[PDB]
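Shown next, in structure tokens, is the structure this report addresses.
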Amino acid sequence: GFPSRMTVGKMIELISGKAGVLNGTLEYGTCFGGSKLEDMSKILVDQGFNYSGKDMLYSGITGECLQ
Amino acid sequence: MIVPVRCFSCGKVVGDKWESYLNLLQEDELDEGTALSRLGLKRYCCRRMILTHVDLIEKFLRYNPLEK
Amino acid sequence: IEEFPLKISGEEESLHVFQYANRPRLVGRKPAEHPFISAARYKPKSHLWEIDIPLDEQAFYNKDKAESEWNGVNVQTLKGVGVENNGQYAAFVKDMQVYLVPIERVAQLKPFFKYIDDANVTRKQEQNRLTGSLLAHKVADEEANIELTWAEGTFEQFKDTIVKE
Amino acid sequence: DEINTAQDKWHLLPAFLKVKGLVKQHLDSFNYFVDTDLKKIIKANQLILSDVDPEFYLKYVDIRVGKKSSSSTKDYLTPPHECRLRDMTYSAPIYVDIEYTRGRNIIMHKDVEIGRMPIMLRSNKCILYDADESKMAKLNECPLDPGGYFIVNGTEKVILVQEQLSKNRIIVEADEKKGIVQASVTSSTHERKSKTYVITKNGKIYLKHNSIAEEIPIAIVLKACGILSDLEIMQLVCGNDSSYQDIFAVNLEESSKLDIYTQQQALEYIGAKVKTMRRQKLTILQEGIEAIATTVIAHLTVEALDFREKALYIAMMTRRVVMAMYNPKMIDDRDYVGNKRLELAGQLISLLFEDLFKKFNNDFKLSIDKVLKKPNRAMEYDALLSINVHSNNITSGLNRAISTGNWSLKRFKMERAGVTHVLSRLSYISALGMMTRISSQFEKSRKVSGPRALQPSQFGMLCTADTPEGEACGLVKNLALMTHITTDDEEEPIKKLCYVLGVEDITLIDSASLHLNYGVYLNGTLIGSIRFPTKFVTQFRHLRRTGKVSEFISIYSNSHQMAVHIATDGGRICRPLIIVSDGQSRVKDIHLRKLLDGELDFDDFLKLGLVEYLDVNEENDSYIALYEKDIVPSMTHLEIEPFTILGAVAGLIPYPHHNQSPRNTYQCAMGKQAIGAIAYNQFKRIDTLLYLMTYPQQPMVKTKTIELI
Amino acid sequence: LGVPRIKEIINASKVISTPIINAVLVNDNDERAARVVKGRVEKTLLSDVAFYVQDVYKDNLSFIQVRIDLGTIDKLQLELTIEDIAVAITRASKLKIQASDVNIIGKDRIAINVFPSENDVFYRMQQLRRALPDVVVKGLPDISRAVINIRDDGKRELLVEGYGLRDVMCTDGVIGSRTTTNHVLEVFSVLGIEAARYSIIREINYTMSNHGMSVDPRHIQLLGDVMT
Amino acid sequence: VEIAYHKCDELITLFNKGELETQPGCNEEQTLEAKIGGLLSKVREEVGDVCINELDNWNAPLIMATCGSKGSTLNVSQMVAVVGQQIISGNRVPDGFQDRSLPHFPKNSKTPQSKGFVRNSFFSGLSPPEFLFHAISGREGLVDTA
Amino acid sequence: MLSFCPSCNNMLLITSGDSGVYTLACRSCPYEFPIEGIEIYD
Amino acid sequence: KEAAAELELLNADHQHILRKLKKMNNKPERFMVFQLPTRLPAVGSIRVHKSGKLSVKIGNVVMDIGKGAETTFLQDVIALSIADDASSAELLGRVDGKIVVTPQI
Ligand SMILES: [Zn+2]
Ligand SMILES: [Zn+2]
């Protein structure tokens with residue numbers, strides 16, 4: 001649903017959301033500003049996670065990793 | 001309205017950690033991250049239950065259809 | 001560097017201004033050649049000016065049109081309606097000093113043709129309230145008895161506001 | 001720590017919404033109606049007559065809503081929640097004071113109740129005017145609803161904001177097929193006029209009207225109005241050395257084909273072609289049938305006796321077409337925001353109350369002459385004791401036209417349907433996004449194509465994203481956050497203040513004077529063309545920043561028209577911006593430290609000359625910065641916030657500047673349909689349909705504008 | 001090109017919006033020939049060759065004389081003499097005034113000698129002054145303008161925007177073999193029935209292939225056969 | 001992009017230095033719209049080619065453009081590299097005010113950033129004039145469905 | 001012609017004066033002027 | 001560039017009234033017309049500066065600049081005096097243009 005619709009700001013909702021839950025602060029996604037993408041991936045990288053939100057999933061019906 | 005008993009994703013009981021959270025906010029003044037960290041929850045799931053939650057029943061009980 | 005003092009110098013009379021919308025300028029040798037004969041009437045209560053201009057009989061007269069359709073004419077009646085204004089003042093200067101004069105009315109002369117009315121009213125057969133602009137157009141042609149003697153004078157005005165200080 | 005400048009500037013917007021709210025366009029109109037315009041209605045019908053004898057009169061001294069004595073304002077109303085469960089309406093009585101006389105010339109007075117008028121929520125007559133939170137819970141009302149709506153017959157109704165074209169002003173539209181057409185919609189009270197200025201071929205210019213037969217070329221028309229000389233019909237509308245002379249000179253030549261040679265023949269041809277011939281006093285159709293028509297009865301709103309201005313206003317209307325023939329670019333667009341005016345809830349109620357008060361005196365005159373004619377004696381009493389049976393259609397019709405949606409005015413002829421709409425209560429953002437909505441009325445839905453595209457002239461004035469996805473796509477718009485719809489103040493001392501600043505009156509300047517600088521137009525009416533208009537605009541704006549109270553009274557030049565406009569007649573959006581002074585901004589760092597530390601709130605930045613309101617066509621004479629690191633010395637204003645362009649419903653999207661724009665529009669249709677919490681008394685209220693949420697949660701990433709609402 | 005163009009063909013309207021005519025040439029040059037086919041087509045060149053239209057009065061008669069130069073014919077190439085201009089003014093309008101007299105003098109002037117509610121001379125002078133500069137001289141009336149253009153190869157082909165298709169086809173310089181206009185009724189008036197279906201099966205094919213959407217042209221040939 | 005703004009702003013300062021070599025298909029103003037439009041359409045097609053060639057494999061929006069699931073190379077070049085020249089009614093955006101479009105740009109402004117050529121991609125975020133220029137085209141594309 | 005009367009500021013017309021001369025004369029004021037006229041314009 | 005004509009043409013009418021006031025000071029039987037602003041303070045005059053501008057400082061010392069007007073008086077303008085509906089038309093006669101006085105803020 002992303003290339004035909006070009007809603008990449010939704011992609012910034014997870015990165016500024018997943019790194020907003022961790023250090024207990026509800027973030028700001030206001031127009032022409034808000035949380036910068038550079039210092040929200042810095043909060044997310046020193047908690048032990050990926051800077052870009054990509055986690056590796058162990059599959060559910062077969063148990064092996066996902067490629 | 002009220003805090004849910006179990007979290008939606010995995011099922012950890014987080015309904016018992018709201019009054020202690022409000023007790024750690026007002027007295028023993030901490031930020032929400034550390035006060036929510038020394039309370040239980042480790043993952044960011046089950047942490048979203050206590051962080052992003054509105055308490056509407058305290059605003060609903062001001063309109064009591066009883067005696068008052 | 002000195003100043004040229006202005007005073008209001010009193011206010012007892014009433015003034016008016018022609019403002020002829022017809023004759024601009026005769027660009028060389030003392031322009032605008034204001035006429036002499038006029039001697040026309042005046043009306044209050046609608047303010048209804050009328051002024052007259054004599055006709056040149058010797059040159060470009062076209063006597064056939066003047067004495068074939070309408071009567072033998074020598075008058076050229078104008079018409080103007082004045083409106084009240086504020087802040088306008090007339091001034092004259094004598095050697096050190098400017099004297100302001102209140103002017104109290106400004107009107108414009110526009111040549112409303114009268115002989116076409118006189119020729120139409122001949123060749124025809126050869127109500128308490130109006131609430132504005134109909135009572136004003138109805139009460140326009142009643143008294144008219146100020147057929148007036150055209151005069152001049154630099155003594156009744158210049159030697160009238162100078163003995164005030 | 002340290003107060004910045006580009007970050008504490010944001011705090012201008014909460015302080016803007018603390019004094020005056022977001023639903024103020026409904027509150028301020030209804031507050032201005034029942035305090036100012038409701039007294040103005042009885043000042044035009046202050047004495048009635050009778051055909052029995054001239055010694056009989058009723059005099060309306062004072063009018064007020066729910067107030068007689070030193071007690072409080074109507075000690076017991078019905079609560080606004082009880083009248084939503086009992087299927088009632090929320091209304092207050094109207095009290096008038098009348099004079100009651102006899103042939104024995106006795107004079108006394110008596111209070112009477114002449115009807116009920118429905119009270120809008122939270123505006124100067126309701127119980128809910130700045131009530132405490134313990135007062136809201138005691139009266140069973142939510143403290144977070146926007147208010148500003150009616151509750152008639154139990155159900156909720158909202159008078160929508162409606163746009164139309166600018167009244168008492170001139171618009172030009174072009175056409176390649178037939179010819180260019182000019183209009184000027186007359187905004188008179190007693191009648192609805194619209195004087196059209198169509199052409200057909202070869203510059204055969206002749207104006208038309210709905211009250212005129214086979215029409216007249218404009219040379220004879222403005223010859224009947226006072227412009228008599230031909231030398232000032234050739235110079236007034238063409239200029240000295242323009243290419244306009246060989247176009248208008250046709251209408252001179254066919255002036256001699258017709259009733260030329262002024263008004264012993266000329267005005268008779270204007271008056272002979274008249275419609276609605278008025279058989280009462282019909283003999284006067286020689287001179288006094290067009291003097292009716294060229295005055296306050298027809299074509300305009302000018303109340304002059306002898307016409308220097310009206311003869312000029314029709315003739316300066318001619319030049320705007322003559323310029324548009326030689327150059328087809330010098331026209332107007334209908335969809336420009338500067339050409340439109342917003343009419344609010346306070347004006348339609350005034351129209352309906354004027355109609356139902358005009359009808360109230362007519363149905364009572366026909367019931368008092370029947371009684372005062374039959375007996376022999378003069379009836380002392382019972383002329384006051386019979387108004388209760390006649391003050392019921394002033395109440396039932398006033399609630400019927402709100403609960404139905406039809407506003408049928410028999411004298412005015414603008415019968416529109418679907419004004420009041422039922423208040424949507426799908427969610428909390430649905431009841432708020434409806435109270436900030438503008439509905440545009442179309443002419444026809446066949447070949448429209450114009451008033452649906454996003455105009456660049458609504459930057460910050462209207463919401464760019466929130467449009468419906470359906471039949472009304474683009475026809476329905478929404479106001480932004482920091483906008484303000486204005487009102488007409490006096491319109492009288494602005495005309496005299498120009499005469500102080502040095503403009504000459506039109507009865508003094510020659511008719512051959514437009515080769516010089518710009519001409520002052522006060523609401524379309526020419527005032528007399530001052531010299532040096534830049535100094536005039538600078539002095540007028542400097543007087544505006546000391547107090548001239550500056551809601552709407554604005555000034556702007558225009559070079560392709562060769563004019564300069566002063567606008568006073570309100571009903572028009574405007575937005576507040578920061579003034580800069582030739583190198584940098586006016587709002588310093590010390591002005592923002594006081595703002596969040598007690599005193600010096602909003603409306604204290606308007607008196608001290610820091611911010612000012614700008615209009616849509618008045619910011620065409622401006623040059624606005626976006627951020628503070630952009631201060632060019634040729635700039636005029638600085639904007640407060642760049643994200644005020646988004647609306648209230650459109651402010652829920654996180655990062656709209658990273659998405660594409662249609663996905664910012666569809667969300668505005670999906671944000672109102674989302675179900676959840678509605679109000680604090682949503683368990684204590686009963687209505688036909690509402691959806692709830694069991695465990696609602698606040699959003700993860702917020703917005704700076706969702707803490708406001 | 002879009003859905004109003006398809007309704008422009010299916011409705012079979014009398015007048016259409018923006019017609020063109022694809023006329024072709026014979027030779028290949030930037031000289032006389034490719035610039036003289038153009039100037040034979042467009043109209044109302046009187047507002048460029050005259051420099052004034054004045055009316056003088058000599059005591060019993062009137063002159064409406066026009067100053068025609070020779071440098072205008074030098075720049076844009078047209079075959080017209082001052083006698084040809086006299087013939088063009090002789091049949092200028094259909095029936096307004098122009099029957100009696102025109103004149104030709106040595107330095108290229110045409111004065112309209114005129115002969116008679118009252119004083120209707122000056123009225124006719126005003127109407128004849130205001131009806132004169134929009135009079136055609138050489139060219140065809142229904143054509144708006146003309147553009148000569150180079151294709152992908154080194155060829156020269158012109159195009160007009162008129163309604164004739166017979167006056168354009170009968171022109172010294174073009175070949176009347178191959179040409180194509182958009183207006184189907186213009187083809188039907190000149191060519192016939194069978195050349196109006198072979199025009200419509202490619203005119204519907206042109207407004208579709210410029211977007212994609214192959215409609216396997218037997219359907220188009222079925223559409224172009226039920227209309228005619 | 002800076003050797004595309006400089007190669008078109010030299011035509012704006014030449015527009016008021018007399019005249020330009022007008023191509024015979026149209027007048028002097030319609031031949032300035034065509035050349036600036038051609039350069040600003042040529043700048044978005046070669047930046048869109050130097051991004052797709054340097055783009056790393058095994059990513060979703062390039063695999064979805066290699067096959068035909070959804071999306072094109074224009075969409076990924078408009079996400080990643082540059083958004084360019086929001087056109088309405090065929091040509092560029094007209095003057096919403098007298099002599100100009102937005103009141104943030106001076107009078108007689110025919111630069112690309114003032115008359116509808118955005119330059120920020122969707123990853124970096126639009127400026128408010130770029131936001132309004134994109135919103136006009138999106139609403140005109142959205143009203144042709146309703 | 002585009003000529004204006006100096007005595008009344010109105011529009012003048014070309015008339016035939018008693019069957020055989022061309023002079024300009026208006027019906028506005030008793031005026032005549034027997035000059036020959038030109039109407040040249042670029 | 002609109003402030004350039006606020007100094008360039010302001011030194012064209014200050015020299016024009018200076019050519020009208022003191023050049024013809026002796027005895028012209030001849031009038032002018034001034035435009036004074038209303039709400040006048042319940043006097044002073046031109047005070048020609050150091051070859052610069054001309055600006056009235058009226059009495060009640062708060063101060064009232066302003067010179068120059070337009071060439072609307074191409075047409076003929078002649079004043080006249082009137083009595084109580086018996087004698088009038090005692091003209092003086094000429095206008096020499098006009099000036100306008102505008103209060104500074
Ligand atoms: Zn969990
Ligand atoms: Zn004359």
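Chain lettering (A, B, ...) mirrors the order of the structure tokens, residue numbering begins at 1 for each chain separately, and ligand numbering begins at 1 in order of display.
For stretch 83-154 of chain D, backbone-based DSSP assignment of alpha helix (DSSP H) covers residues 83, 84, 85, 133, 134, 135, 136, 137 and 138 of chain D.
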Store the residues picked out above, limited to C-alpha atoms, as a short mmCIF file (atom, residue, chain, number, x, y, z; two decimals), in the first residue's frame.
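Okay, again.cif is ready:
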```
data_model
loop_
_atom_site.label_atom_id
_atom_site.label_comp_id
_atom_site.auth_asym_id
_atom_site.auth_seq_id
_atom_site.Cartn_x
_atom_site.Cartn_y
_atom_site.Cartn_z
CA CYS D 83 -34.91 20.61 27.12
CA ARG D 84 -33.09 17.96 25.06
CA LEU D 85 -34.92 15.12 26.86
CA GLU D 133 -16.49 22.93 36.38
CA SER D 134 -18.70 22.24 39.40
CA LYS D 135 -21.45 24.24 37.68
CA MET D 136 -21.15 22.17 34.48
CA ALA D 137 -21.48 18.85 36.32
CA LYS D 138 -24.42 20.08 38.41
#
```
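Near ligand 2, at a distance of at most 7 Å and with only C-alpha atoms and all ligand atoms counted, sit the residues residues 4, 5, 6, 7, 8, 9, 10, 29 and 31 of chain G.
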Store the residues picked out above, limited to N, CA and C atoms, as a PDB file, in the first residue's frame.
```pdb
ATOM      1  N   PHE G   4     -14.450  68.886 -31.498  1.00  0.00           N
ATOM      2  CA  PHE G   4     -15.309  69.335 -30.413  1.00  0.00           C
ATOM      3  C   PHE G   4     -15.587  70.825 -30.553  1.00  0.00           C
ATOM      4  N   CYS G   5     -16.806  71.222 -30.207  1.00  0.00           N
ATOM      5  CA  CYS G   5     -17.218  72.615 -30.338  1.00  0.00           C
ATOM      6  C   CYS G   5     -16.569  73.458 -29.247  1.00  0.00           C
ATOM      7  N   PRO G   6     -15.897  74.559 -29.599  1.00  0.00           N
ATOM      8  CA  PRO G   6     -15.269  75.402 -28.569  1.00  0.00           C
ATOM      9  C   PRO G   6     -16.256  76.185 -27.720  1.00  0.00           C
ATOM     10  N   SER G   7     -17.503  76.346 -28.163  1.00  0.00           N
ATOM     11  CA  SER G   7     -18.454  77.211 -27.479  1.00  0.00           C
ATOM     12  C   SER G   7     -19.378  76.474 -26.519  1.00  0.00           C
ATOM     13  N   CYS G   8     -19.591  75.173 -26.712  1.00  0.00           N
ATOM     14  CA  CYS G   8     -20.502  74.418 -25.865  1.00  0.00           C
ATOM     15  C   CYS G   8     -19.958  73.075 -25.410  1.00  0.00           C
ATOM     16  N   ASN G   9     -18.819  72.628 -25.954  1.00  0.00           N
ATOM     17  CA  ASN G   9     -18.167  71.350 -25.642  1.00  0.00           C
ATOM     18  C   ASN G   9     -19.109  70.166 -25.881  1.00  0.00           C
ATOM     19  N   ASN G  10     -19.511  70.015 -27.142  1.00  0.00           N
ATOM     20  CA  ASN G  10     -20.414  68.942 -27.533  1.00  0.00           C
ATOM     21  C   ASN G  10     -19.862  68.287 -28.796  1.00  0.00           C
ATOM     22  N   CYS G  29     -25.200  74.314 -30.337  1.00  0.00           N
ATOM     23  CA  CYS G  29     -25.142  75.765 -30.292  1.00  0.00           C
ATOM     24  C   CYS G  29     -25.073  76.285 -31.719  1.00  0.00           C
ATOM     25  N   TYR G  31     -23.264  77.267 -34.237  1.00  0.00           N
ATOM     26  CA  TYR G  31     -21.854  77.272 -34.603  1.00  0.00           C
ATOM     27  C   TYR G  31     -21.676  76.707 -36.005  1.00  0.00           C
TER      28      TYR G  31
END
```
* Skipping near chain neighbours, those fewer than 3 positions away, what residues fall within 7 Å of stretch 34-48 of chain F using only C-alpha atoms, listed as a VMD selection string? -> chain F and resid 1 4 8 30 to 31 51 to 52 77 81 to 82 84 to 85
For ligand 1, collect every residue having any atom at a distance of at most 8 Å from a ligand atom (counting only C-alpha atoms and all ligand atoms); output as a PDB file with C-alpha atoms, in the first residue's frame.
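The result, stored in result02.pdb:
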```pdb
ATOM      1  CA  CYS B   7      -2.353  -6.264  27.639  1.00  0.00           C
ATOM      2  CA  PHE B   8      -3.643  -6.841  24.124  1.00  0.00           C
ATOM      3  CA  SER B   9      -0.651  -8.483  22.456  1.00  0.00           C
ATOM      4  CA  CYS B  10       0.972 -11.043  24.754  1.00  0.00           C
ATOM      5  CA  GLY B  11      -1.378 -11.063  27.739  1.00  0.00           C
ATOM      6  CA  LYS B  12       0.609  -9.784  30.722  1.00  0.00           C
ATOM      7  CA  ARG B  43       9.198  -4.432  26.730  1.00  0.00           C
ATOM      8  CA  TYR B  44       7.658  -1.499  24.891  1.00  0.00           C
ATOM      9  CA  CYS B  45       4.585  -3.625  24.570  1.00  0.00           C
ATOM     10  CA  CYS B  46       2.737  -3.652  27.952  1.00  0.00           C
ATOM     11  CA  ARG B  47       4.448  -0.277  28.512  1.00  0.00           C
TER      12      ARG B  47
END
```
* Asked: Which polymer residues have any atom within 10 Å of an atom of residue E:58, counting only C-alpha atoms, with same-chain residues fewer than 4 positions away left out, as JSON, numbers by chain?
  -> {"E": [62, 63], "G": [21, 22, 35, 36, 37]}
Residues from last step as file, C-alpha atoms, as a PDB file, in the first residue's frame:
```
ATOM      1  CA  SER E  62     -15.470  63.114 -50.035  1.00  0.00           C
ATOM      2  CA  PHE E  63     -12.304  61.006 -50.164  1.00  0.00           C
TER       3      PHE E  63
ATOM      4  CA  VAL G  21     -20.930  73.235 -49.480  1.00  0.00           C
ATOM      5  CA  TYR G  22     -19.461  71.075 -46.703  1.00  0.00           C
ATOM      6  CA  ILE G  35     -12.573  74.233 -42.898  1.00  0.00           C
ATOM      7  CA  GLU G  36     -11.587  71.048 -44.706  1.00  0.00           C
ATOM      8  CA  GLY G  37     -10.890  68.125 -42.422  1.00  0.00           C
TER       9      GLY G  37
END
```
* To do: Identify all chain E residues at most 10 Å from chain F by counting only C-alpha atoms; ligands do not count. Present them as a list in words.
  => residues 147, 148 and 149 of chain E
* To do: Name the residues in contact with residue E:197 at a cut-off of 10 Å, using only C-alpha atoms, excluding same-chain residues fewer than 3 positions from it; report them as a PyMOL selection string.
  => chain E and resi 184+187-188+192-194+200-203+221+223-228
* Asked: Residues of chain H within 10 Å of chain D, using only C-alpha atoms, as a list in words?
  ->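 Matching residues, ligands excluded from the count: residues 2, 3, 5, 6, 9, 10, 35, 36, 37, 38, 39, 66, 68, 69, 70, 71, 72, 73, 74, 75, 99, 100, 101, 102, 103, 104 and 105 of chain H.
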Expected file: the selected residues, N, CA, C and O atoms, as a compact mmCIF listing (two decimals), in the first residue's frame:
```txt
# COMPACT_ATOMS: atom_id res chain seq x y z
N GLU H 2 8.53 53.69 -4.64
CA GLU H 2 7.49 54.69 -4.45
C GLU H 2 7.88 55.77 -3.44
O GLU H 2 7.21 56.81 -3.39
N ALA H 3 8.93 55.55 -2.65
CA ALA H 3 9.43 56.59 -1.76
C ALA H 3 10.36 57.57 -2.48
O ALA H 3 10.73 58.59 -1.89
N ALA H 5 9.49 59.17 -5.36
CA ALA H 5 8.58 60.24 -5.73
C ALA H 5 7.98 60.95 -4.52
O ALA H 5 7.29 61.96 -4.70
N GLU H 6 8.21 60.44 -3.31
CA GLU H 6 7.83 61.13 -2.09
C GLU H 6 8.87 62.16 -1.65
O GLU H 6 8.68 62.81 -0.63
N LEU H 9 9.16 64.68 -6.10
CA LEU H 9 8.07 65.57 -6.46
C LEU H 9 7.65 66.47 -5.30
O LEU H 9 6.99 67.49 -5.53
N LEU H 10 8.05 66.14 -4.07
CA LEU H 10 7.85 67.05 -2.95
C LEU H 10 8.79 68.25 -2.99
O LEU H 10 8.51 69.26 -2.34
N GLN H 35 -6.57 74.43 1.41
CA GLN H 35 -7.37 73.39 2.04
C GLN H 35 -6.84 73.13 3.44
O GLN H 35 -5.78 72.52 3.61
N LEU H 36 -7.57 73.60 4.45
CA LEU H 36 -7.20 73.38 5.84
C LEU H 36 -7.90 72.15 6.38
O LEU H 36 -9.04 71.87 6.01
N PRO H 37 -7.26 71.36 7.24
CA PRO H 37 -7.96 70.24 7.86
C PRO H 37 -8.90 70.71 8.96
O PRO H 37 -8.69 71.75 9.59
N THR H 38 -9.94 69.91 9.19
CA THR H 38 -10.93 70.22 10.22
C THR H 38 -10.40 69.79 11.59
O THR H 38 -9.23 69.40 11.73
N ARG H 39 -11.28 69.83 12.60
CA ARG H 39 -10.99 69.74 14.04
C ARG H 39 -9.75 70.54 14.43
O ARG H 39 -8.82 70.06 15.08
N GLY H 66 2.28 70.45 5.33
CA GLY H 66 1.54 70.22 4.10
C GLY H 66 1.50 71.37 3.13
O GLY H 66 1.01 72.46 3.45
N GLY H 68 1.32 72.04 -1.53
CA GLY H 68 1.12 71.44 -2.84
C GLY H 68 -0.25 70.86 -3.08
O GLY H 68 -0.89 70.33 -2.16
N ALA H 69 -0.73 70.97 -4.31
CA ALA H 69 -1.97 70.32 -4.72
C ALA H 69 -1.84 69.96 -6.20
O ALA H 69 -0.74 69.96 -6.77
N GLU H 70 -2.97 69.63 -6.81
CA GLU H 70 -3.01 69.09 -8.16
C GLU H 70 -3.35 70.17 -9.17
O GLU H 70 -3.79 71.27 -8.82
N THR H 71 -3.14 69.84 -10.44
CA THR H 71 -3.49 70.75 -11.53
C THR H 71 -4.91 70.49 -12.04
O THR H 71 -5.14 70.32 -13.23
N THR H 72 -5.87 70.45 -11.11
CA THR H 72 -7.27 70.35 -11.48
C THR H 72 -7.83 71.66 -12.00
O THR H 72 -8.90 71.67 -12.62
N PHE H 73 -7.13 72.77 -11.77
CA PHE H 73 -7.60 74.09 -12.18
C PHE H 73 -7.05 74.47 -13.55
O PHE H 73 -6.51 75.56 -13.75
N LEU H 74 -7.18 73.55 -14.50
CA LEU H 74 -7.06 73.92 -15.90
C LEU H 74 -8.29 74.71 -16.33
O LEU H 74 -8.19 75.67 -17.10
N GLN H 75 -9.45 74.32 -15.81
CA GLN H 75 -10.69 75.05 -16.01
C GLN H 75 -10.66 76.38 -15.26
O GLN H 75 -9.86 76.60 -14.35
N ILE H 99 -3.48 74.87 -2.63
CA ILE H 99 -2.62 74.02 -1.81
C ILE H 99 -3.48 73.24 -0.82
O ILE H 99 -4.62 73.59 -0.54
N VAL H 100 -2.89 72.16 -0.29
CA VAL H 100 -3.56 71.24 0.64
C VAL H 100 -2.68 71.10 1.88
O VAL H 100 -1.46 70.89 1.75
N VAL H 101 -3.28 71.21 3.06
CA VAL H 101 -2.58 71.10 4.34
C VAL H 101 -3.02 69.80 5.02
O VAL H 101 -4.22 69.59 5.25
N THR H 102 -2.06 68.94 5.34
CA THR H 102 -2.32 67.60 5.88
C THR H 102 -1.62 67.42 7.21
O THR H 102 -0.38 67.54 7.27
N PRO H 103 -2.32 67.08 8.30
CA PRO H 103 -1.65 66.99 9.61
C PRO H 103 -0.76 65.76 9.73
O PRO H 103 -1.15 64.65 9.37
N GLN H 104 0.45 65.97 10.24
CA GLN H 104 1.39 64.89 10.48
C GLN H 104 1.04 64.16 11.77
O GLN H 104 0.44 64.72 12.69
N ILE H 105 1.42 62.89 11.82
CA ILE H 105 1.09 62.02 12.95
C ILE H 105 2.35 61.39 13.54
O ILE H 105 3.45 61.62 13.05
```
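With atom CA of residue D:114 on one side and atom CA of residue D:94 on the other, the separation reads 6.0 Å.
Neighbouring residues of residue E:186 at 9 Å or closer, counting only C-alpha atoms and skipping chain neighbours under 4 positions away, are residues 163, 164, 165, 181, 182, 190 and 191 of chain E.
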* Asked: Among stretch 42-287 of chain D, which residues carry a DSSP assignment of strand (DSSP E), reported as a PyMOL selection string?
  -> chain D and resi 47-48+58-65+91-100+108-118+150-152+155-159+161-165+170-173+181-186+193-194+206-207+216-217
* Between atom CA of residue F:60 and atom CA of residue A:59, distance in Å (one decimal) ->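 Between atom CA of residue F:60 and atom CA of residue A:59 the gap is 19.5 Å.
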* Asked: Using only C-alpha atoms, which residues sit within 10 Å of residue F:100 once same-chain residues fewer than 5 positions away are excluded, as number ranges by chain?
  -> D: 456, 620; F: 94-95, 105-110, 114-115
* Asked: With distances taken over only C-alpha atoms, which of F:79, F:20, F:87, F:118 is nearest to chain D?
  ->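 Ranking F:79, F:20, F:87, F:118 by distance to chain D, first place goes to F:79.
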* To do: May I ask you to extract the residues of chain D within 10 Å of chain G, using only C-alpha atoms, and to give them as a list in words?
  => residues 228, 229, 230, 231, 232, 233, 245, 246, 249, 252, 253, 255, 256, 260 and 261 of chain D
* **Test item: chain A residues at most 12 Å from chain F, counting only C-alpha atoms, as an NGL selection string** => :A and (1-12 or 30-34 or 36-38 or 67)
